[PDB]
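No Cβ is skipped: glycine too gets one built from the backbone with ideal geometry, and neighbour counts run over all protein chains shown. A short reminder: the numbers here are calculations on the coordinates, not readings from a lab.
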Amino acid sequence: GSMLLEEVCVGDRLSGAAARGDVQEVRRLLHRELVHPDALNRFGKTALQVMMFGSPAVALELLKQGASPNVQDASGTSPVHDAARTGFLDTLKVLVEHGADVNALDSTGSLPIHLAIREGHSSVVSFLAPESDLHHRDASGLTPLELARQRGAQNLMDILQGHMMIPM
């Protein structure tokens with residue numbers, strides 16, 4: 001016959017729940033529903049890929065199971081990429097710090113930090129600064145410090161400048 005193997009019913013399950021931002025569902029989900037971390041929606045995205053970096057505990061819940069945060073789709077945009085430009089330094093750092101691929105890029109070659117710089121989240125930008133490739137630069141020719149000089153939302157280039165390194 002055709003279509004005899006289906007493993008999506010559980011996909012979007014935890015995927016739509018964790019992304020919808022519901023620490024209550026994400027909690028009882030694994031603690032009860034034992035939902036899988038690789039759960040993929042109809043399309044084919046992981047929970048972390050859809051996650052709304054809303055509830056901090058929700059992030060740890062997903063990663064607590066066994067999901068691969070190193071996922072990219074359409075313009076190579078992983079959880080870190082969205083969490084940055086979106087504005088969720090809360091759950092962002094949780095996963096970002098844990099391991100979340102916060103170094104990759106979105107095809108063009110812009111580090112998740114660059115986006116935060118053009119945003120002006122203040123915390124996110126300065127945060128994603130040291131939590132990224134403190135050296136790489138966009139195809140344009142700007143780095144964490146340079147981009148900070150552009151979108152001078154405030155003491156941007158200052159935060160990244162200090163955390164940068166400068167051992168002299």
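Some notes on this structure:
- From the C-alpha gyration tensor of the chain, square roots of 5λ in Å: 33, 17, 12
- What the phi angles of region 137-147 give under the Karplus curve with 6.51, -1.76 and 1.60, with θ = phi - 60°, is a coupling list of 9, 5, 3, 5, x, 10, 10, x, 6, 4, 3 Hz, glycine and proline written as x.
- Between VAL8 and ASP133, full extension at 0.36 nm per residue minus the direct alpha carbon distance yields a gain of 41.5 nm.
- Note, ³J(HN,Hα) from phi for region 24-38, Karplus 6.51, -1.76, 1.60, rounded to Hz, x at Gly and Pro: 6, 6, 4, 6, 5, 3, 6, 5, 9, 4, 6, 2, 7, x, 8
- Each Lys and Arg contributes +1 and each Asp and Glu -1, all at the Cβ; summed about the Cα centre of the chain, the dipole is approximately 240 debye.
- Only helices enter this figure: runs of n ≥ 4 DSSP H residues, each worth -39500 (n - 2.57), summed and divided by the residues of the chain, yield -12500 deg cm²/dmol at 222 nm to the nearest 500.
- Virtual paramagnetic centre 7 Å along Cα→Cβ of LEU142, amide N under 14 Å, in region 151-168: 151-154, 156-158
- Options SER55, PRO69, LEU40, ranked by Cα towards positive dipole end of region 27-75, top entry (Cβ charges): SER55
- Packing order of peptides 87-96, 138-147, highest average first: 87-96, 138-147 (average count of other Cβ atoms within 10 Å over each peptide's residues).
- Dividing the C-alpha radius of gyration of region 44-113 by 2.2 N^0.38 Å, with N its residue count, gives 0.98.
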